[PDB]
Amino acid sequence: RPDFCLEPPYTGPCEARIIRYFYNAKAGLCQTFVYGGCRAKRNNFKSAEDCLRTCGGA
Amino acid sequence: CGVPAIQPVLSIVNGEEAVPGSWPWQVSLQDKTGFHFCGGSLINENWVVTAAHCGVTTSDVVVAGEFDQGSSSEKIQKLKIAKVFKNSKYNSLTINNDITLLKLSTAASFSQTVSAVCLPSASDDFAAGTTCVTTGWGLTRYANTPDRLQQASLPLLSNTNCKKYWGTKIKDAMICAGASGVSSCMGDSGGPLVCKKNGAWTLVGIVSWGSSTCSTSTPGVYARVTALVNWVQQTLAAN
């Protein structure tokens with residue numbers, strides 16, 4: 001799987017409170033986190049399914 | 001516009021609770037489940053101005069007349085969004101031109117707790133040091151959002167002083183304020199930064215971005231409404 005899947009979630013500098021998903025390699029699942037709305041890193045998905053299809057197993 | 005039926009009491017991290025209904029143009033942008041993700045400002049009964057990075061869609065709703073989001077009995081207006089107008093010049097990389105207009109399906113019923121904020125003229129000049137106010141339900145500590155609407159008085163900063171920290175990240179459609187002991191934070195985006203113009207509260211900025219930890223000693227950055235108001239008027243006129 002892509003290495004970006006191993007990066008911790010990135011909220012960014014913007015001040016929104018948008019729910020997004022990131023893959024948590026320690027748990028083996030996608031979890032939710034608050035995204036600020038701009039400058040998203042790649043381990044940031046709009047659905048748990050997209051996240052698992054991209055990072056599952058990393 | 002700009003004149004609340006309920007006068008606010010002055011004197016968001018390190019801000020204070022607002023007098024209920026004293027910022028009648030403040031709206032909460034929520035998803036279909038009622039989850040607050042951004043703030044906004046009513047500019048008239050059919051339009052709301054917010055930030056482009058909030059990514060509002062027609063599935064989201066505008067909630068007007070709210071004070072305590074933890075109150076299920078509080079009377080509010082859940083307004084559907086008919087169309088979203090994101091400024092085509094919004095730069096997703098630099099965050100410049102961070103503004104979006106929301107056209108409501110059904111007009112908002114203006115009242116004592118629901119009314120519009122005034123818009124400035126493109127040539128308006130709000131001097132640095134001017135004490136303005138920002139409001140919202142964003143984090144009060146960098149954690150869940152506060153239930154009750156918060157407010158904070160803060161000064162506008164000159165571009166020179168702002169750039170002393172942010173350097174070239176500050177663009178022409180941005181204005182800074184803060185670094186004075188208070189700070190907008192996660193959940194405040196899209197909300198208003200207002201200053202008085204001839205006694206009437208006028209939208210000078212839209213909460214956009216800033217310190218990644220909402221530091222109260224760092225300049226907060228807002229979309230400069232004077233640089234974007236012509237786009238606003240043109241959009242309203244054509245729709």
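Order-wise, the sequence lines are chains B and A. To convert, note that position 14 of the first sequence is 14 in the authors' numbering; the numbers rise steadily by one, no gaps. Using the authors' numbering, the letters of the second sequence map in sequence onto residues 1 to 11, 16 to 146, 149 to 245. Yeah, the Cβ is synthetic: ideal placement off N, Cα and C, and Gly gets one too.
- Residue state for residue 240 of chain A is assigned as helix, using DSSP reduced to three classes.
- With its beta carbon at least 9 Å from every one in chain B, residue 209 of chain A lies outside the interface.
- In the three-state reduction of the DSSP assignment, residue 79 of chain A falls in the coil class.
- Neighbourhood of residue 41 of chain A in chain B, by CB distance below 7 Å: 16, 17 and 18, in chain order.
- Residue 138 of chain A carries a strand assignment under DSSP once its states are collapsed to helix, strand and coil.
- Considering only beta carbons, the part of the region 30-53 of chain B lying closer than 7 Å to chain A consists of 34, 36, 37 and 38, in chain order.
- Neighbours of residue 215 of chain A across chain B, judged by C-beta separation under 7 Å: 13, 14, 15 and 38.
- In this structure, residue 46 of chain A sits near residue 120 of chain A, with a CB-CB distance shorter than 9 Å.
- Chain B has a Cβ within less than 9 Å of the Cβ of residue 96 of chain A.
- Residue ranges of uninterrupted alpha helix (DSSP H) with 4 or more members, entirely inside the region 161-215 of chain A and ordered along the chain, are 165-172.
- Using a Cβ-Cβ cut-off of 9 Å, residue 194 of chain A counts as an interface residue toward chain B, since at least one Cβ of chain B sits closer than that to its own.
- Our two residues, residue 25 of chain B and residue 57 of chain B, have alpha carbons roughly 8 Å apart in a direct line.
- Judged by beta-carbon spacing, residue 55 of chain A lies beyond the 9 Å limit of residue 189 of chain A, meaning their Cβ atoms are not closer than that value.
- Shown here, residue 231 of chain A sits in a helix according to DSSP, grouped into three states.
- Look at residue 77 of chain A: its C-beta is not under 9 Å from any C-beta on chain B.
- Within the region 150-184 of chain A, contact with chain B at the beta-carbon level (separation under 8 Å) is assigned to 151.
- Beta-bridge analysis with DSSP links residue 32 of chain A to A:43 and A:67.
- Residue 1 of chain A is outside the set of residues whose beta carbon lies under 9 Å from a beta carbon in chain B.
- Taking each of A:207, A:237, A:31 and A:112 in turn and checking the Cα distance to residue 7 of chain A, the smallest one comes out for A:207.
- A Cβ-Cβ separation of about 4 Å places residue 220 of chain A in contact with residue 191 of chain A under the 8 Å criterion.
- With a threshold of 9 Å between beta carbons, residue 132 of chain A makes no contact with chain B.
- If you draw a straight line from the Cα of residue 104 of chain A to the Cα of residue 156 of chain A, it comes to about 23 Å.
- Excluding five sequence positions before and after residue 186 of chain A, the CB atoms of its chain that fall closer than 7 Å to its own CB belong to 160 and 161, given in chain order.
- Judged by DSSP in its simplified three-state form, residue 6 of chain B adopts helix.
- A Cβ of chain B is located within less than 9 Å of the beta carbon of residue 99 of chain A.
- When secondary structure is reduced to three states using DSSP, residue 1 of chain B falls in the coil class, being assigned neither helix nor strand.
- Note that the C-beta distance between residue 90 of chain A and residue 107 of chain A is not below 9 Å.
- By the criterion of at least three beta-carbon pairs nearer than 8 Å, the region 36-53 of chain A is in contact with the region 111-131 of chain A.
- Take residue 22 of chain A, set aside five residues on each side of it, and the residues of its chain with a beta-carbon closer than 7 Å to its own are 8, 139, 155, 156 and 157, in chain order.
- Assignment of residue 72 of chain A by DSSP, reduced to helix, strand and coil, places it in the strand class.
- By the Cβ neighbour-count rule, residue 19 of chain B is exposed, with fewer than 16 other Cβ atoms within 10 Å of its own.
- As the crow flies, the alpha-carbon of residue 163 of chain A is around 39 Å from that of residue 23 of chain B.
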